[PDB]
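Chains as they are written, first to last, in the entry's author numbering: chain A, 10 to 374; chain A', 10 to 374; chain B, 116 to 278; chain B', 116 to 278. A prime marks a further copy of an entry chain. Ideal Cβ positions, reconstructed from N, Cα and C, are used throughout, including at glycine.
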DNA sequence: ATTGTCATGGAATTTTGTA
DNA sequence: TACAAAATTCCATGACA
DNA sequence: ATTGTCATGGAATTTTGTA
DNA sequence: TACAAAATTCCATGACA
Ligand SMILES: Cc1nnc(C(=O)NC(C)(C)c2nc(C(=O)NCc3ccc(F)cc3)c(O)c(=O)n2C)o1
Ligand SMILES: Cc1nnc(C(=O)NC(C)(C)c2nc(C(=O)NCc3ccc(F)cc3)c(O)c(=O)n2C)o1
Ligand SMILES: [Mn+2]
Ligand SMILES: [Mn+2]
Ligand SMILES: [Mn+2]
Ligand SMILES: [Mn+2]
Ligand SMILES: [Mn+2]
Ligand SMILES: [Mn+2]
Ligand SMILES: [N+]
Ligand SMILES: [N+]
Ligand SMILES: [Zn+2]
Ligand SMILES: [Zn+2]
């Protein structure tokens, strides 16, 4: 082939002179620092790299190290990497070595009832025939409503929320994509009332994080109230609700209740500071506090993170991976970038999916 | 009580003068920057702090903030913290805010067969009536043996290992405290052969980490070999075994097989570098390589870590916490400190337990 | 004195009996003394028992310093009397047949009764499912004094359902 | 030439039939040409089939360049012939009735036969469970040349079971 | 009575073929 | 005594029930 | 089509009562 | 223009299926 010229002492791009290139057993051999290696004809080299790789479906360095034993040619790795990009198997099974970008800290809703966050807790031990708790948190104040249910169902969610909205109607309800909230029956209940439904990306509880974080505090306090006793939580819910709604956030120096009403009710240790102000004076002082609330900023990027660029080869993690089956879906493309942490992708194949980076890896190579 | 003196203008330790201390409704009140607060008599103050705390079993700041509303006395927090230490409930339910110390990187075994690490994988999909894989890794070389089993049982473990030890006998076998290896039947099998059994602390797979990390690589390669096909792994095991034993660790620049034998067998891409050395020359070159192997050091301490001191109040995490029940056991004491990461504790109550810090929190207060 | 505030006083009374809806018969009416904010709770009887169950709900949100009521059997009972002492609520009673309560409350209390009969007729059997809508309407309705909805006085912001 | 190495050549042969143990009848004997390291595999018949199953085990550890054997039906068959080509093993055959193999191997191959009859008698029925102990003994036994156990030559370290 | 490990692929650092 | 670009080494990230 | 949150308890930093 | 020690604020760690 093109190796012909080389044995005859003539130069080629790559193939550095100073090494003697000889012939043995009808193969083109070369003396190198590392030792004497064989140089395959261009047309054999893909076939070689593949054979080596397919032994254990090894990465760049592991593959090259096998090939190094027998062969040499110019730009060995460039070729190896060309293969690692085409191994359908390695791409959908290997995990990522790139962390996703810094999280986002969306702003506090401005007014109470601007946005509700909901979620179901459970199943729990049966009390009084009930198994789940519906937790509703006001995004602004952190004020929380609890409702015992027998199942995490659309029907029961509606029953509960009808009671709640007797007090006021929210602009927006944010939920996970759990069966209870995605149903058409709910969607309409919500439209009937002029409430916008909003859902977090699939398999990302962190988005419903404001409720989730209240779940923690609920389960924790119930646990504490039930040490010793049999797990009879039903009758405790009210107490928990109250207790938690009147608990100071050390960062804010305010109980949710305070942020919702601007005065403490007839609770234990009710703060009197505003006892002298008319309701009006008080009410605007409250309106001030609400705006001047502490708000976190996003954290520094981890040193090896990635951000999603439009038209990027990107892969979605498998829902519920089966035993011994690939942890990732085939490659798919970034359609739009909703924010540095949420992406729309044309998937398998193909529907627009809204997804969180945390469920994505960049296709490598 | 002792508050008598104060209303009369005489000084007391704490109780700073400059504020006017008056009487209203038979209570001792005080004008302060924050406002006008009540000062309880010493004997009432524990009862006060407890009432406040018991509302939501809140921490230091949350508790104090309630009390601040109504009362004032000197060193308020000192008292609050005294309570947080005695609330049996908060201690066994709250999580830690202190990370455990930097991990340890024990040294490579010196010789092959110095130490075997074992573990069971499974259950898997049934192939040929088998459900689990017994994975044995040589600590020194990383060389691995695989054995299909129908159950993760003592009896089957013995059967498998009898085959393995036909080749050579190890000094030590390290395992998790899984039923199969803790049994008396195994313990004797092992003593019969003069093999020391050694077990990692309870619920800390990281200790069996050398095998665990091989499990990853096994499941990964099997997954890759089974994309498309039905999960027929039984007949694949041999291939995997070979493939993995002849895979270069990029850090070491050596396949396990090489570290075990000092020469490559009749494998694809078998390295020829030592083809000219007598067995002897080769054998000592190998003996050199083994000692000069790359060995990691422990990582920097995380900024808020803790280390176990002898006679420290320390608590063990619950095995399999029930729903709504405390995530931690009652306080217990550090008996001896085996290493900066392993502790012996007098538990509940009381037996000597060997435990990893990762399953411990320091009792706070 | 000290100016009046929400949760200072809760006025309670029973409306009923009504035509059965979902097997309910009575409405327990709770108006907040200062704001005029209203809660409505359907009950099966004007009994201490049903009062307690209902007020347990409301008192998960807030606890008044005072409850005012007529001397109806339900509120005079010793069980209700104990219920309130437990929660640290002082109880206040109008004298028999001379029902003294706030100017603002009498009016709101009248509105409820009208608004109930109004949308009761035509569907006298399905007033249960309507209670949310009613409560919402009442609480978001401009008082001639203040030009504020009870909603506004309680929360110090605008509702997303005006009238 | 190039000095001799482990895995260069594997000598294989069948010992049997023996008194049945655990329903096994034959022992397939594999000695490594250079080290003298020995594997023993119990089989139910001196058949290509049982040879393949056995050698599949051994070849999970290492693959020889060459296998040498007598012209027994099991090794001459075309199935064995294909098995070896697949794994890239060249096959080598002694001529009939003149069994040429290594000086070192003949001796080791003799030792096995003696050591088998020795501890066979007295428990002729329970030789299966003993095969590990035998293999271990053989491989950790000092050769008069080298003063090295086959174990030492293979692994370049000392075993924790000397003899 | 004991204890984390290490393939992976971009980045970052060093060595290389030529002056 | 110096360059661009290949070849190597570094190392955070993730997952082994 | 959307997005993490925040109680907790030592450490670290600021304010306080007295000169 | 100053100190020791209380009172406050900072913030990593962990957990909400
Ligand atoms: C579509 C679609 N199909 N399935 C899902 C899905 O998300 N499923 C899981 C099992 C993960 C889930 N989890 C939680 C939850 O709270 N988990 C714990 C947690 C909370 C916070 C935090 F930061 C991390 C973890 C739910 O509430 C929940 O409803 N689901 C369904 O979405
Ligand atoms: C006593 C006693 N009772 N129960 C345990 C116990 O440890 N149980 C678990 C379920 C945790 C377990 N896990 C693994 C495993 O490999 N887990 C995954 C992993 C591997 C490495 C790493 F760093 C983190 C996680 C096992 O092999 C195993 O046998 N077990 C029993 O000990
Ligand atoms: Mn949910
Ligand atoms: Mn949840
Ligand atoms: Mn295990
Ligand atoms: Mn394991
Ligand atoms: Mn009445
Ligand atoms: Mn024969
Ligand atoms: N936002
Ligand atoms: N060690
Ligand atoms: Zn591959
Ligand atoms: Zn507590």
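Check whether the Cβ of residue 117/A' lies closer than 8 Å to any Cβ atom in chain B'.
-> Closer than 8 Å: no.
Is it the case that the CB of residue 138/B approaches a heavy atom of ligand 7 more closely than 7 Å?
-> Residue 138/B: no, Cβ never under 7 Å from ligand 7.
Any Cβ of chain A' within less than 8 Å of the Cβ of residue 270/B'?
-> In terms of beta-carbon proximity, residue 270/B' lines the interface with chain A', with at least one pair separated by less than 8 Å.
How about residue 102/A: is its C-beta nearer than 8 Å to some C-beta of chain A'?
-> Yes, residue 102/A lies at the interface with chain A' (some Cβ there is under 8 Å from its Cβ).
Taking the alpha carbon of residue 150/A' as the point to measure from, which residue in 179/A', 94/A', 131/A' has its own alpha carbon closest?
-> Of the candidates 179/A', 94/A', 131/A', the one whose C-alpha sits nearest the C-alpha of residue 150/A' is 179/A'.
For residue 373/A, the nearest candidate out of 342/A, 322/A, 197/A (CA to CA) = 322/A is the residue among 342/A, 322/A, 197/A whose C-alpha sits nearest the C-alpha of residue 373/A.
Enclosing alpha helix (DSSP H) for residue 278/A' [first to last residue] | No alpha helix (DSSP H) contains residue 278/A', which DSSP labels as neither H nor E.
Please name the residue in 366/A, 363/A, 335/A, 103/A whose C-alpha comes closest to that of residue 235/A'.
-> Taking only the C-alpha atoms, the option nearest residue 235/A' is 335/A.
Within chain A', partners of residue 303/A - CB distance below 8 Å = Correct list: empty, because the minimum Cβ distance to chain A' is about 14 Å.
Test item: CB-CB of residue 154/B' and residue 267/B' under 8 Å | Between residue 154/B' and residue 267/B', the C-beta gap is not smaller than 8 Å, which leaves the two residues out of contact.
At 7 Å on the CB atoms, spell out the chain A' contacts of residue 229/A, in chain order.
-> Here the neighbours are 102.
In chain order, which beta strand (DSSP E) runs of at least 3 residues are fully inside the stretch 144-228 of chain B?
-> Scanning the stretch 144-228 of chain B for uninterrupted beta strand (DSSP E) segments of 3 residues or longer gives 153-158, 181-184, 205-208, listed from N- to C-terminal end.
From what residue to what residue does the beta strand (DSSP E) around residue 124/A run?
-> Here the beta strand (DSSP E) through residue 124/A covers 124-130.
From which residue to which residue does the alpha helix (DSSP H) around residue 259/B' run?
-> Run containing residue 259/B': none; DSSP gives neither H nor E here.
Could you tell me whether the stretch 103-117 of chain A' touches the stretch 297-314 of chain A', using the rule of 3 or more Cβ pairs below 8 Å?
-> Taking 8 Å as the limit for Cβ pairs, the verdict is that the stretch 297-314 of chain A' does touch the stretch 103-117 of chain A'.
Any heavy atom of ligand 12 within a distance shorter than 7 Å of the CB on residue 66/A'?
-> Flag set: Cβ of residue 66/A' near ligand 12.
How would you write the range of the alpha helix (DSSP H) that residue 293/A' sits in, first residue to last?
-> Judged by DSSP secondary structure, residue 293/A' falls within the alpha helix (DSSP H) whose first and last residues are 288-300.
Chain A' contacts made by the stretch 145-177 of chain A, where a contact means CB separation under 7 Å = Going along the stretch 145-177 of chain A in chain order, one finds no residue with a Cβ nearer than 7 Å to chain A'.
Run the CB neighbour count on residue 117/B, radius 10 Å, all protein chains shown included, and call it buried at 16 or more, exposed below.
-> A residue is called buried when at least 16 other Cβ atoms come within 10 angstroms of its Cβ; residue 117/B does not meet this threshold and is exposed.
Cβ pair residue 148/A, residue 123/A closer than 8 Å | Yes; because the gap between Cβ atoms is below 8 Å, this pair is in contact.
Report the three-state DSSP secondary structure of residue 370/A (helix, strand or coil).
-> In this structure, residue 370/A counts as strand in the three-state DSSP scheme.
Per-residue contacts from residue 44/A' into chain A (C-beta, under 8 Å) = Near residue 44/A' (Cβ distances below 8 Å), the residues of chain A are 281, 282.
Under three-state DSSP, which class holds residue 70/A'?
-> Helix.
Candidates 219/B, 161/B, 253/B, 269/B: closest to residue 186/B by CA position = Ranking 219/B, 161/B, 253/B, 269/B by Cα distance to residue 186/B puts 161/B first.
Between the stretch 209-233 of chain A' and chain A, which residues of the former have a C-beta closer than 8 Å to a C-beta of the latter?
-> Contact residues of the stretch 209-233 of chain A' toward chain A are 228, 229, 230, 231, 232, 233 (C-beta to C-beta distance below 8 Å).
Just to confirm, does residue 141/B get its C-beta within under 7 Å of one of the non-hydrogen atoms of ligand 7?
-> Residue 141/B Cβ: outside cutoff for every heavy atom of ligand 7.
Where do the ends of the beta strand (DSSP E) carrying residue 353/A lie?
-> Per DSSP, residue 353/A belongs to the beta strand (DSSP E) from 351-355.
Near ligand 6: residue 225/A beta-carbon under 7 Å from a heavy atom | Result no, Cβ not under 7 Å from ligand 6.
Ignore the nearest five residues each way along the sequence and tell me which others in residue 57/A''s own chain have a CB closer than 7 Å to its CB.
-> Here the set comprises 49, 76, 80.
Contact check, residue 121/B' vs residue 272/A', beta carbons under 8 Å | Result yes, Cβ atoms of residue 121/B' and residue 272/A' sit closer than 8 Å.
If we call anything under 8 Å between Cβ atoms a contact, is residue 167/A' one with residue 156/A'?
-> No. Outside cutoff.
To the nearest angstrom, how far is it from the Cα of residue 195/B' to the Cα of residue 248/B'?
-> Taking the straight line from one Cα to the other gives about 29 Å.
Identify which residue in 242/B', 270/B', 254/B' has its Cα closest to the Cα of residue 119/A'.
-> The candidate whose alpha carbon is nearest that of residue 119/A' is 270/B'.
Cβ-heavy atom distance between residue 221/A and ligand 1 below 7 Å?
-> Result yes, Cβ under 7 Å from ligand 1.
Within the present structure, is the beta-carbon of residue 367/A separated from the nearest heavy atom of ligand 4 by less than 7 Å?
-> Within 7 Å of the C-beta of residue 367/A there is not a single heavy atom belonging to ligand 4.
For residue 263/B', which three-state DSSP category applies?
-> In the three-state DSSP reduction, residue 263/B' falls in the coil class, being neither helix nor strand.
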